[PDB]
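Residue numbers (the deposited numbering), protein chains in the order written: chain E, 15 to 389; chain Z, 66 to 130.
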């Protein structure tokens, strides 16, 4: 009776829900029709402002047309170098939109990662001491340096054995200052113009200025496509000219936000004596070969992400091979994992690490593709 | 009080005109008769129903100075 009538009302409510879905379909159709009217806008970049009324712009495809702004186009935000929307028929600025893929620029931007671990390879005797002390005083107080009147030292050079302080501890400094760093490999910086390399470095310096904590790191500065070009008939020392240009950029024209452009690289074969002079290179920090007791500590840090039997004498494994490389010690751990993979053992026995160390000892004996010496 | 507005003409023409312009929407109504008639407010209430913030434009077909 009344309950049956309530059930009929429920069926009507289900029909009402279907009507709401039909209304949603009608709303979608209305939106689609409204969309059809829009005709798109040519994407172009403003070359320059000819006048407040008209700005010269170039379409991405290539034809350039002088164009005029539309309504409230915020001409202050229409400054040249801004991507703009151009009417298909009118060819006049419609809106300011900035979107660039910038793949090469991304390599020159924040591509470099920072290693969170304070001691990935340990060996922090001066790394968290001298290196931290020189960078921290300007970073904490540029004004204190200004009271002394000495220009805050722009950068320091971590000359060291390759791999042990070069492959690792390169991004450990980023954790020490607790900020992401920019890696000046210079492969992205030198692309199609030898002259543009300094200008691209200036763009990176401006990006570095954007973050006061971020510190420029000139890691692998010599590294480039093929090999670094020293003075020669086919190719001259463009990199050496860039280094002199870098000295000019570091002091005076581009120094702000207490950002340190540390040349912490043992990659360059030759170090400029003028650069060594206090100011451009106020202090140089020397990474040192491991003390073996230090290598045991490095092996423990590398062993941290490792599943082991637990009957492991790391000192015995360290004594068995004097690799003297943080990467080689990491290799010992990885090869021990390969030995563990053989025989399907999730745990790694001490013998597996020792077998890996013997293979690593052979790798320590034979090395190739190393042509970089500090000074 | 004897005022008639055709619902069908307003709805059908507006829909066809809206099909020609998505931007186009009912925004108000226009009348001549420079002295505003008392009936205008009643017509306005129907106009208010069609458009949330509609306006009346008293355009004069015979221009003056």
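Every residue, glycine too, gets a C-beta built ideally from N, C-alpha and C.
Open item on the list: Give me the DSSP bridge partner(s) of residue 231 of chain E.
Closed with: As a first step, residue 231 of chain E must be located in the first chain, where it is residue number 217. Answer by DSSP bridge pairing, in chain order: E:197 and E:276.
Practice item. Output, in chain order, the set of chain E residues within a Cβ distance shorter than 8 Å of residue 86 of chain Z. Key: Numbered from 1 along the second chain, position 21 holds the residue referred to as residue 86 of chain Z. Those are 51, listed as they occur along chain E.
- request: List in chain order: all unbroken alpha helix (DSSP H) runs of 4+ residues lying wholly within the segment 143-207 of chain E.
  value: 144-154, 156-162 and 186-190
Residue 332 of chain E and residue 349 of chain E look like a contact to me (Cβ under 8 Å); what is the Cβ gap, rounded to whole Å?
Position 318 of the first chain, counting from 1, holds the residue named residue 332 of chain E. Position 335 of the first chain, counting from 1, holds the residue named residue 349 of chain E. With 8 Å as the limit, residue 332 of chain E and residue 349 of chain E do not qualify as a contact, their Cβ atoms being about 14 Å apart.
Hey, how far is the Cα of residue 102 of chain Z from the Cα of residue 36 of chain E? Reading the second chain from its first residue, position 37 is the one you call residue 102 of chain Z. Reading the first chain from its first residue, position 22 is the one you call residue 36 of chain E. Cα-Cα distance, rounded: 42 Å.
*Could you tell me which uninterrupted alpha helix (DSSP H) segments, each at least 4 residues in length, are contained entirely in the segment 336-362 of chain E, listed from first to last along the chain?*
340-355
**Report entry** CA nearest to the CA of residue 279 of chain E, picked from E:101, E:60 and E:197
**Finding:** Taking the first residue of the first chain as 1, we reach residue 279 of chain E at position 265. Ranking E:101, E:60 and E:197 by Cα distance to residue 279 of chain E puts E:197 first.
Close beta carbons around residue 123 of chain E, own chain, < 7 Å, minus the five adjacent residues each side
Numbered from its first residue, the first chain carries residue 123 of chain E at position 109. Closer than 7 Å at Cβ, skipping near neighbours: 221.
Can you list, in chain order, the residues of its chain with a C-beta nearer than 7 Å to that of residue 146 of chain E? Leave out the 5 residues immediately preceding and following it.
Locating residue 146 of chain E in the first chain gives position 132, where the first residue counts as 1. So the list reads 190, once near-sequence residues are dropped.
Discussion item. Is there a C-beta anywhere in chain Z that falls below 7 Å from the one on residue 48 of chain E?
Written reply: In the first chain, counting from the first residue as 1, residue 48 of chain E sits at position 34. Chain Z, which has a Cβ nearer than 7 Å to the Cβ of residue 48 of chain E, makes this yes.
Taking the C-alpha atoms as reference points, what is the distance between residue 211 of chain E and residue 257 of chain E?
Locating residue 211 of chain E in the first chain gives position 197, counting from the first residue. Locating residue 257 of chain E in the first chain gives position 243, counting from the first residue. Computed Cα separation, rounded: 10 Å.
Exercise for the section: Give me whichever residues DSSP pairs with residue 55 of chain E in a beta bridge. Expected result: Within the first chain, residue 55 of chain E is the residue found at index 41, counting from 1. The partner list for residue 55 of chain E (beta bridge, DSSP) reads E:101.
Measuring CB to CB, does residue 128 of chain E end up less than 7 Å from residue 106 of chain E? One-based indexing of the first chain puts residue 128 of chain E at position 114. One-based indexing of the first chain puts residue 106 of chain E at position 92. No, these two residues do not count as a Cβ contact at 7 Å.
| query | According to DSSP, is residue 296 of chain E helix, strand or coil? | reply | Within the first chain, residue 296 of chain E is the residue found at index 282, counting from 1. Here residue 296 of chain E sits in strand by DSSP.
Opposing strand residues paired with residue 322 of chain E [DSSP bridges]: In the first chain, the residue the question calls residue 322 of chain E occupies position 308. Answer is E:362, bridged to residue 322 of chain E.
Note to self: Would residue 364 of chain E and residue 325 of chain E be called neighbours here (beta carbons separated by less than 7 Å)?
What the structure shows: For the purposes of this step, residue 364 of chain E is taken as residue 350 along the first chain, with counting starting at 1. For the purposes of this step, residue 325 of chain E is taken as residue 311 along the first chain, with counting starting at 1. A contact, by the Cβ cut-off of 7 Å.
Once DSSP output is grouped into helix, strand and coil, what is the label at residue 49 of chain E?
The residue labelled residue 49 of chain E in the question sits at position 35 within the first chain. Here residue 49 of chain E sits in helix by DSSP.
Check your understanding: Near residue 186 of chain E, what residues of its chain come up, given a Cβ to Cβ distance below 6 Å and the 5 sequence neighbours on each side ignored?
Key -> Numbered from 1 along the first chain, position 172 holds the residue referred to as residue 186 of chain E. Hits under 6 Å: 129 and 134.
*asked:* Between Z:123, Z:66 and Z:75, which has its C-alpha nearest residue 97 of chain Z's C-alpha?
replied: By 1-based counting over the second chain, the position of residue 97 of chain Z is 32. For residue 97 of chain Z, the nearest C-alpha among the options comes from Z:123.
- Message: Here's a check: name, in chain order, each residue in its chain whose Cβ is nearer than 6 Å to the Cβ of residue 208 of chain E, leaving out the five neighbours to either side.
- Response: Position 194 of the first chain, counted from the start, is the residue given in the question as residue 208 of chain E. Same-chain partners within the cutoff: 252.
Exercise. Pairing CB atoms from the segment 298-308 of chain E with CB atoms from the segment 139-153 of chain E, are three or more of them under 8 Å?
Worked result: yes
Tell me residue 94 of chain Z's beta-bridge partners as DSSP assigns them. The sequence position of residue 94 of chain Z within the second chain is 29, counting from 1. DSSP output for residue 94 of chain Z lists Z:121 as bridge partner(s).
Task: residue 315 of chain E, enclosing alpha helix (DSSP H) - first and last residue - done: On the first chain, position 301 is the one that residue 315 of chain E refers to. Looking at the DSSP string, the run of the alpha helix (DSSP H) that includes residue 315 of chain E is 307-317.
- Query: Could you check where the beta strand (DSSP E) with residue 107 of chain E kicks off and where it finishes?
  - Reply: As a first step, residue 107 of chain E is located in the first chain; it is residue number 93 there, counting from the start. Per DSSP, residue 107 of chain E belongs to the beta strand (DSSP E) from 107-110.
| said: Output needed for residue 344 of chain E: all residues of its chain with C-beta closer than 7 Å, excluding positions within five of it in sequence on either side, in chain order. | reply: The sequence position of residue 344 of chain E within the first chain is 330, counting from 1. Answer for residue 344 of chain E: 316, listed in chain order.
(message) Among E:73, E:109 and E:136, whose alpha-carbon lies nearest the alpha-carbon of residue 313 of chain E?
(response) In the first chain, counting from the first residue as 1, residue 313 of chain E sits at position 299. The candidate whose alpha carbon is nearest that of residue 313 of chain E is E:136.
Simplified DSSP assignment, three categories, for residue 72 of chain E
The residue you call residue 72 of chain E lines up with position 58 of the first chain. Residue 72 of chain E: strand per DSSP, three-state reduction.
Measuring CB to CB, does residue 337 of chain E end up less than 7 Å from residue 378 of chain E?
Indexing the first chain from 1 puts residue 337 of chain E at position 323. Indexing the first chain from 1 puts residue 378 of chain E at position 364. Yes. Within cutoff.
**Request:** Could you check what DSSP says for residue 15 of chain E in three-state terms: helix, strand or coil?
**Result:** Here residue 15 of chain E corresponds to residue number 1 of the first chain, with the count starting at 1. DSSP places residue 15 of chain E in coil when its eight states are reduced to three.
Do you know whose CA, among E:162, E:172 and E:255, lies nearest residue 204 of chain E's CA? The residue given as residue 204 of chain E occupies position 190 in the first chain. Closest by alpha carbon: E:255.
Exercise for review: Mind checking which residues open and close the beta strand (DSSP E) that includes residue 79 of chain E?
Suggested key: Counting from 1 along the first chain, the entry for residue 79 of chain E is found at position 65. That run of the beta strand (DSSP E) goes 78-82.
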